[PDB]
């Protein structure tokens, strides 16, 4: 009913927390963790301290994380991997269940087209959230993987 959506990376992991009262979508809070520091241990440290922070603050029922179908540069991907993994585990160690969605599935879901440009997806995220957004470091991307989970979760088995 309360979903954390995390779009993690080398440099910064963004976050989107929202509730869903059956069909009444609702913005709770979003943001971007900034783990820029040179050192890995510590940058991995910050991902975790932050994520489990959000958890400990928003008290979320599910964990949404998107997946990788097109993850083309080898050494850029190792780093996504470590960022990925730490975020996942902080979630798991918090007892929250992790849900992996294909970016393919996140576009179809929000905007109705899986060939939609990122700003078309960001645009819909903020219409829907009625976000008086004057955007940033584009937290909407994490917000969007959040919406998705709902659609799917309230769509599966019948």
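Residue numbers count along the first chain shown, from 1.
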The stretch carrying the higher mean Cα B factor in the deposited entry, 122 to 130 or 23 to 31, is 23 to 31
With B-factors read from the PDB entry, the higher C-alpha mean of 67 to 75 and 80 to 88 is in 67 to 75
Out of 112, 50, 97, 41, which shows the largest CA B-factor listed in the entry? 112
Could you tell me which third, lowest, middle or highest, the C-alpha B-factor of residue 103 occupies within its chain? middle
Which third of the chain holds residue 147 when residues are ordered by C-alpha B factor: lowest, middle or highest? middle
Would the CA B-factor of residue 157 place it in the lowest, middle or highest third of its chain? highest
Taking the chain's C-alpha temperature factors as the reference, tell me which third residue 135 falls into: lowest, middle or highest. highest
Within this chain's modelled residues, let me know which third the CA B factor of residue 2 belongs to: lowest, middle or highest. middle
